[PDB]
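The authors' numbering puts the first residue of the sequence shown at 1, with every later residue one more than the last.
Quick reminder that beta carbons are idealized off the backbone N, C-alpha and C, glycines included.
Report on one structure; see the data block that follows.
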Amino acid sequence: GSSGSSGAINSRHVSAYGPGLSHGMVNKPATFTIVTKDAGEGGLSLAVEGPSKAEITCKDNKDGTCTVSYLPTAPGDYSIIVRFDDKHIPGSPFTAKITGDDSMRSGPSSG
Numbered sequence: 001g002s003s004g005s006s007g008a009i010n011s012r013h014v015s016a017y018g019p020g021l022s023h024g025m026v027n028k029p030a031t032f033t034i035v036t037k038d039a040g041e042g043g044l045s046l047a048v049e050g051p052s053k054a055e056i057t058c059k060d061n062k063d064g065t066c067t068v069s070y071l072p073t074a075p076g077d078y079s080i081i082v083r084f085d086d087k088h089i090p091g092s093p094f095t096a097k098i099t100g101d102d103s104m105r106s107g108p109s110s111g
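So this is what it looks like as structure tokens:
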């Protein structure tokens, strides 16, 4: 290279950005984008720890990113744990705010 000297110690980093990360609502798949264009296929992990277990999907953009969507069951602050090669990323777990409220209801009229 020409007077490069651009081999810093920590360069490969991953950050999440999206609506599902900032906040969300019950019974709604929180969709967000994960910056993995630099990280590159490695040992990325995905987990959510909140007031309820919410499944997490994984998509292959085969371009330079990773799409994920989690469907919560209860309102509250969800913790999206995202580790990369046994190393927590700078921003995770991402505390996502989820709103929502349930209530009981009747059915029949005259039995």
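- prompt: I think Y70 touches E55, with their Cβ atoms under 8 Å apart; what is that distance to the nearest whole Å?
  reply: Translated into the one-based positions of the sequence shown, residue 70 becomes position 70. Translated into the one-based positions of the sequence shown, residue 55 becomes position 55. Rounded, the Cβ-Cβ distance is 7 Å, consistent with contact.
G111: CB within 8 Å of a non-hydrogen atom of the ligand ADP: With respect to the ligand ADP, the structure offers nothing, as it holds no ligand at all.
query: Can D86 and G20 be called in contact, C-beta distance under 9 Å?
result: By 1-based counting over the sequence shown, the position of residue 86 is 86. By 1-based counting over the sequence shown, the position of residue 20 is 20. No, Cβ-Cβ distance for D86 and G20 is not below 9 Å.
query: Distance, Cα to Cα, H88 vs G1?
result: Taking the first residue of the sequence shown as 1, we reach residue 88 at position 88. Taking the first residue of the sequence shown as 1, we reach residue 1 at position 1. Cα to Cα, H88 sits roughly 32 Å from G1.
message: Let's test the definition: count the other Cβ atoms within 10 Å of the Cβ of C66 and tell me whether it reaches 16, buried, or not, exposed.
response: Locating residue 66 in the sequence shown gives position 66, where the first residue counts as 1. The residue is buried, with at least 16 neighbouring Cβ atoms inside 10 Å.
message: Please tell me whether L46 and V14 are closer than 9 Å, where the distance is taken between their beta carbons.
response: Counting from one through the sequence shown, the residue named residue 46 turns up at place 46. Counting from one through the sequence shown, the residue named residue 14 turns up at place 14. For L46 and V14, no; Cβs fall outside 9 Å.
- prompt: Candidates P75, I34 and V35: which alpha carbon is nearest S52's?
  reply: As a working mapping, residue 52 is identified with position 52 in the sequence shown. Nearest option by C-alpha distance: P75.
message: Quick check: what's the CA-CA separation for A8 versus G64?
response: Locating residue 8 in the sequence shown gives position 8, counting from the first residue. Locating residue 64 in the sequence shown gives position 64, counting from the first residue. Roughly 22 Å between the two C-alpha positions.
- prompt: When burial is assigned at 16 or more other CB atoms within 10 Å of the CB, is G111 buried or exposed?
  reply: The residue given as residue 111 occupies position 111 in the sequence shown. Exposed: under 16 other Cβ atoms inside 10 Å.
- request: Count the other CB atoms, across all protein chains shown, that sit within 10 Å of the CB of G50; report buried if there are 16 or more and exposed otherwise.
  value: One-based indexing of the sequence shown puts residue 50 at position 50. With 16 or more other Cβ atoms within 10 Å, it is buried.
query: Does the Cβ of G107 have 16 or more other Cβ atoms within 10 Å, making it buried, or fewer, making it exposed?
result: Residue mapping note: residue 107 aligns to position 107 of the sequence shown, counting from 1. Burial call: exposed.
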